[PDB]
2 protein chains.
Amino acid sequence: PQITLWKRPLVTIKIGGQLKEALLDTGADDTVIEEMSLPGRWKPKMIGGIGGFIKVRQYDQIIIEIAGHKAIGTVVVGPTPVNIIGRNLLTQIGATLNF
Amino acid sequence: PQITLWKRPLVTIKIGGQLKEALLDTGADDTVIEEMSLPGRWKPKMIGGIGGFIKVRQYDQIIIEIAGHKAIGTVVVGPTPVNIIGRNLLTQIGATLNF
Ligand SMILES: Cc1cccc(C)c1OCC(=O)N[C@@H](Cc1ccccc1)[C@@H](O)C[C@H](Cc1ccccc1)NC(=O)[C@H](C(C)C)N1CCCNC1=O
Ligand SMILES: [Cl-]
Ligand SMILES: [Cl-]
Ligand SMILES: [Cl-]
Ligand code: NA
């Protein structure tokens with residue numbers, strides 16, 4: 001699709017067998033999802049941005065279907081105010097900014 | 001242009017006669033810049049990022065160039081770690097996310 005930016009670019013994603021709404025976020029390096037279970041090993045890390053830092057659990061090789069497009073990569077899980085699809089997965093679905 | 005996302009979508013902007021680096025961010029509702037002087041009166045606003053909310057100064061009808069594209073609109077100033085071009089100005093310059 002071609003998504004205009006009058007509203008937040010929210011899409012449905014499928015992760016860990018669950019449907020979630022998430023923000024397509026060119027300003028995010030990483031994909032950050034609210035608390036959920038994911039399989040496999042994980043490693044803690046901190047993410048800091050506007051407002052300060054939160055602690056997240058990093059899971060590797062997680063598949064996510066984003067608006068119908070499959071991608072695999074690292075997903076971090078933690079107390080984010082909004083589910084965020086960041087550049088590590090936007091590249092995989094071929095998303096670009098155009099103007 | 002068409003900007004891929006393998007690296008951060010950083011561009012040069014011009015505001016108050018000065019060049020600065022900023023992030024094109026589809027996950028930001030508004031445009032927030034690091035501390036600088038802008039003309040006119042400002043209004044209070046808060047913006048929420050990954051770690052909580054910050055207070056910013058909202059200036060309206062500010063002249064700003066984004067990657068060579070002229071715009072006039074709302075710019076907020078505050079303690080952001082990175083200059084952010086958000087959806088208000090991305091929409092004005094015709095940007096869309098495509099995949
Ligand atoms: C939501 C909003 C409303 C009004 C105005 C603004 C600017 C708004 O956006 C605020 C905001 O922080 N939006 C984020 C996503 C957002 C929207 C709504 C709520 C919470 C978050 C995101 O897009 C941009 C922001 C930029 C950033 C800031 C400081 C340092 C580095 C980068 N990016 C990050 O925080 C990312 C996180 C998400 C992995 N990040 C931080 C670790 C280093 N690298 C990195 O990429
Ligand atoms: Cl990844
Ligand atoms: Cl590509
Ligand atoms: Cl505006
Ligand atoms: Na894993």
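Values reported hereafter were calculated over all heavy atoms of this structure, with side chains retained and with hydrogens, waters and symmetry mates removed. We count ligands from 1, going down the list as the structure has it; atoms in each ligand are counted the same way. The chains referred to below are lettered A, B, ... by the order of the sequence lines, with proteins before strands, and numbering in each begins at 1.
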ask   = Under the side chain to side chain contact (heavy atoms under 4.5 Å, CB included) criterion, do B/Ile64 and B/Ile72 qualify, and how do the steps go?
value = CA-CA 6 Å; B/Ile64 180 176; B/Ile72 306 172; over 6 Å; no

ask   = Do B/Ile66 and B/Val11 come close enough that some side-chain heavy atom pair is under 4.5 Å?
value = yes

query = Given the rule in the salt bridge (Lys or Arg N to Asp or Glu O under 4.0 Å) test, do B/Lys45 and B/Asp30 qualify, once you have shown the distances and angles that lead to the verdict?
reply = CA-CA 11 Å; B/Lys45 180 159 170 92; B/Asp30 305 315; 3.3 Å; yes

ask   = Which protein N, O or S atoms lie under 3.0 Å from the Na ion (ligand 5), given by chain and residue number?
value = A/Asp60 O

pair A/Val77-A/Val56: side-chain heavy atoms closer than 4.5 Å = no

ask   = Got a salt bridge between A/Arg57 and A/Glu35, using NZ or NE/NH1/NH2 to carboxylate O under 4.0 Å?
value = yes

inquiry  = Between A/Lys20 and A/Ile15, is there a side-chain heavy-atom distance shorter than 4.5 Å?
reply    = yes

